[PDB]
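Colleague: what would the 3D arrangement of this be:
(one chain, ligands or ions: 7)
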Amino acid sequence: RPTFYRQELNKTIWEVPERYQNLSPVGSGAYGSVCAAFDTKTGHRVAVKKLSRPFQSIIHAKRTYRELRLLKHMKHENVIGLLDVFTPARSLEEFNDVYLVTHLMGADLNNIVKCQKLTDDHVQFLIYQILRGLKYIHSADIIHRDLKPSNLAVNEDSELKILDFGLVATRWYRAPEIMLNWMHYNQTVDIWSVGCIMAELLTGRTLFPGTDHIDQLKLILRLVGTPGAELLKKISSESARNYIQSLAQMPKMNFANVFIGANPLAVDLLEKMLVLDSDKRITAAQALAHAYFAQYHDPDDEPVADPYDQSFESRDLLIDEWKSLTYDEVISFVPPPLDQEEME
Ligand SMILES: Nc1nccc(-c2c(-c3ccc(F)cc3)ncn2C2CCNCC2)n1
Ligand SMILES: N=C(N)NC[C@]12C[C@H]3C[C@H](C[C@H](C3)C1)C2
Ligand SMILES: [Ca+2]
Ligand SMILES: [Ca+2]
Ligand SMILES: [Ca+2]
Ligand SMILES: [Ca+2]
Ligand SMILES: [Cl-]
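Modeller: Numbering: from 1, shown residues only. Ligands and ions are numbered 1, 2, ... in the order given. Find the structure here:
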């Protein structure tokens, strides 16, 4: 049995195994807070997330289970996964805290594009990695739905992982079907976000920096043009349909005149991502085959996910049932090998 120690971090007590040393706060995460740490077992740097009040209500309890199940399933180099999961609890009766461990990623995408004019080759690599991770999570019928630079973790060598998938926020990267609440959408909501992110990496400017939902919609329509009646099919609110229908008709812009000086292959990819019709939007797997990524693309190294059983999502269980199921998942966790890759 590991010896734990207590340390106050972010004005609360963390209780962690001696294995993890030199904890230092590196910001909030989804439903928790995160500390960097040194794993004395492997000499690796890790990030430890302590969930906040994981069993306070059935909402917290189910999202705790959801997140632990999801992270236990994710095994991809561009997707956050688990090195460890622990609790100071000695039994289910004591079980009230959950800590999740992953490799340390020092930055997010906003740290990369802020004070640096990125080269096109570097933008290619960053977007390629997002799409590789999206192909994987999408293959398991998991969608991010709120992909944005602050949800892309990046290390010192621009290696990137998607986080907080499948779970006041900026809406500047959200797919229009999400932001304004369409009755049905698909996995390519995330591809819209990639388009917005890529545009910003190329120009240094946020593509659609709207001040409210209506201002953001008008910015979007100025670029991609007014939608046809067909897309009104997806909007339930009559007042919203009436408003959009009421707008003066706008032509789609030629993206080549918007992204002056960009790689023409980048402009072509943006044209395929930033389309209002989500059934016309390029998929992650299709985008990986686009010539923009030719120097990185490798079909042998763009894997899909094992099937993921989400049948628990339709079920209402009691707090103590979610808590016991979560405890089961903590105890059954099998840490991965330190080295899980081989030369191609
Ligand atoms: N520094 C770093 N490195 C890796 C991940 C995170 C992380 C996690 C997280 C998720 C699961 C897990 F098991 C452990 C940590 N959640 C939010 N963040 C963010 C903390 C600051 N914003 C960017 C990343 N932070
Ligand atoms: N001000 C910005 N950074 N973006 C707003 C934009 C700029 C141009 C491309 C699209 C459409 C239209 C012209 C309005 C987005
Ligand atoms: Ca390769
Ligand atoms: Ca190896
Ligand atoms: Ca490596
Ligand atoms: Ca090969
Ligand atoms: Cl599974």
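Colleague: what does this structure have sitting close to ligand 3?
Modeller: For the chain, the residues in contact with ligand 3 (CB under 5 Å from the ion) are 298, 301, 344. For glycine as for every other residue, the C-beta is placed from the backbone atoms N, C-alpha and C.
Colleague: out of those residues, which comes closest to residue 155?
Modeller: Of all those, the one with the least separation from residue 155 (CB to CB) is residue 301, at 18.4 Å.
Colleague: all strands of the stretch 51-200 of the chain, in order?
Modeller: Ranges of strands in the stretch 51-200 of the chain, per DSSP state E, counting those that start in this stretch, are 84-86, 99-103, 107-108, 152-154, 160-162.
Colleague: give me the buried subset of the residues of the chain next to ligand 3.
Modeller: The neighbour count (16 or more other CB atoms under 10 Å) marks nothing among the residues of the chain next to ligand 3 as buried.
Colleague: and those, which of them are in strands?
Modeller: Of the residues of the chain next to ligand 3, none are assigned to strands by DSSP state E.
Colleague: closest to ligand 1 out of those?
Modeller: Taking CB to the nearest ligand atom as the measure, ligand 1 lies nearest residue 301 of the residues of the chain next to ligand 3, at 22.0 Å.
Colleague: quick one: residues contacting that closest one.
Modeller: Each residue near residue 301 by CB atoms under 8 Å, 6 or more residues apart in numbering is listed here: residue 344.
Colleague: would you map the helices across the stretch 51-200 of the chain?
Modeller: With DSSP state H, counting those that start in this stretch as the criterion, the stretch 51-200 of the chain has helices at 58-73, 109-113, 120-139, 176-179, 189-203.
Colleague: which of the ones you listed sits most buried?
Modeller: helix 189-203 (a mean of 24; mean count of other CB atoms under 10 Å).
Colleague: please name every helix or strand in contact with the helix or strand following that one.
Modeller: Counting by DSSP states H and E, the next helix or strand C-terminal to helix 189-203 is helix 213-224. Where contact means 3 or more CB pairs under 8 Å, 6 or more residues apart in numbering; DSSP states H and E, helix 213-224 is packed against helix 176-179.
Colleague: now with 10 Å?
Modeller: helix 176-179, helix 189-203, helix 238-246, helix 255-258 (3 or more CB pairs under 10 Å, 6 or more residues apart in numbering; DSSP states H and E).
Colleague: so for ligand 1, which of those helices sits nearest?
Modeller: Nearest of those (CB to the nearest ligand atom): helix 189-203, 14.7 Å.
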